[PDB]
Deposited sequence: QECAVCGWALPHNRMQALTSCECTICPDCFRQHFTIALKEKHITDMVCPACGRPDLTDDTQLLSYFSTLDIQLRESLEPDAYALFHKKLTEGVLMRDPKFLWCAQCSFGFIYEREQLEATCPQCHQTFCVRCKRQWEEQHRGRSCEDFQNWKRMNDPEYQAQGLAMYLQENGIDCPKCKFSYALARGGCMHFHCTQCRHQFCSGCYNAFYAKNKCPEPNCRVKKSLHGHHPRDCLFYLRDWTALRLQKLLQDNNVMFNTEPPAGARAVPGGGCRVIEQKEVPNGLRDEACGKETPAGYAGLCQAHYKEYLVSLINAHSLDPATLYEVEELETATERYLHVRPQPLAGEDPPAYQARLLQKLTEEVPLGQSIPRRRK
């Protein structure tokens, strides 16, 4: 082998192989010929110096120009490319698979990396597959996530983690399930709130709620459809509220695999819940299965008061209306029940800040 403009005998690996014309050129003549064309000729003069051989050429030539030229010479190449050819900055793409950067000025939505020779969508940067043809990137991204075996193996744990906990004070989002503990502590803002209804957990004598009888205790106030109360329901009764409104729920899966955060010396460690997964609980523990049912209940704005008996309606009346109810003359228990239910649903809405 030898350089095609000066004849210098040199091995193939020690010269620059022009990807277009395949002329072998020494580093010195390559570097000298292309910098003089930038500083004294025009952009069209940057053909090979040996053979005299538009946008794909510059896209490939930019690679070899970057390694051989000087920084100020490489900048003049982008300047003349912008001011003489493109009227704008060149579209520079970064390969997500091999971290190589390259100019891509073609019409196709699939770019082939000049380094790792792998093809990717120029807008979502994921590796190109035939399923992406004629499909939005979100449809394609959803197709891969819903065909990833290890994502499906997680089961409903992903649904509980996707529905995250947003701090009502500092809006910091946590991609965590609630579990059985409702008293949440935000590390960023120190605000204490209920993860089910986002109401404040008040310190001693901080609660402003009227007729509160636990003012001197750490506590919060919850709407009747908050997980704080609905966690005490049986899974059967929670499913009954769902069935009465034609809301489907899983009982079979599609140690509990729900990810929790254990505080360790090195910060926070992702630990699995690992509690018992009873039959009919979709592979989750008891607390996370009830959390899954209550999330479906909350998402559809189902009212648990529709299943209240008389004693439950009296408790709700004293709790949310601050009045001990009294049966009226001529009322039977059904009429007493309907009156209490009507007044409760009219005056006391469901959780106004519950994530639905």
Go through the deposited sequence from residue 1 and tell me which stretches lack C-alpha coordinates, in order.
54-61, 263-271, 374-376
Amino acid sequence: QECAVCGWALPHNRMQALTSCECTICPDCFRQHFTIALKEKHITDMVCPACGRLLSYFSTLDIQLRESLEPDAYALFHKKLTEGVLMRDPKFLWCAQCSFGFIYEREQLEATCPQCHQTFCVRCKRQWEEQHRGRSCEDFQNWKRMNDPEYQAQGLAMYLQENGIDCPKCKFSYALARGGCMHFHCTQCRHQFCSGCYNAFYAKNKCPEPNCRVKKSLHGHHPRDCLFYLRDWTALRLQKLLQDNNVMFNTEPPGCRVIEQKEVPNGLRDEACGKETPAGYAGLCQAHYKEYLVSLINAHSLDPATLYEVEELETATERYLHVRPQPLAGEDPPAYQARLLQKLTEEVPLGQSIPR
From here on, numbers count along this sequence of modelled residues.
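Just so we're on the same page, rigid core means the largest C-alpha set that superposes within 1.5 Å between forms.
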Relative to this form, superposed by the core, which stretch has the greater CA RMS in 4 other deposited structures of this protein: 54-62 or 301-309?
54-62
Is the mean CA B factor in the deposited entry higher across 297-305 or across 26-34?
26-34
Stretch with the greater mean C-alpha B-factor as recorded in the entry, comparing 102-110 against 191-199:
102-110
Between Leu76, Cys124, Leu236, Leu242, where does the Cα B-factor run highest in the record?
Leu76
For the listed residues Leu341, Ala9, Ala335, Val348, which one has the largest C-alpha B-factor as given in the deposited model?
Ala9
For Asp62, does the deposited CA B-factor place it in the lowest, middle or highest third of the chain?
middle
Split into thirds by Cα B-factor across the chain's modelled residues, where does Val264 land: lowest, middle or highest?
highest
Using the B-factors in the PDB entry, rank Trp94's C-alpha atom against the chain and give the third, lowest, middle or highest.
lowest
By its CA B factor, does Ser56 count among the lowest, middle or highest third of the modelled residues in the chain?
middle
Report the third (lowest, middle or highest) to which the CA temperature factor of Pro210 belongs, ranking only the modelled residues of the same chain.
middle
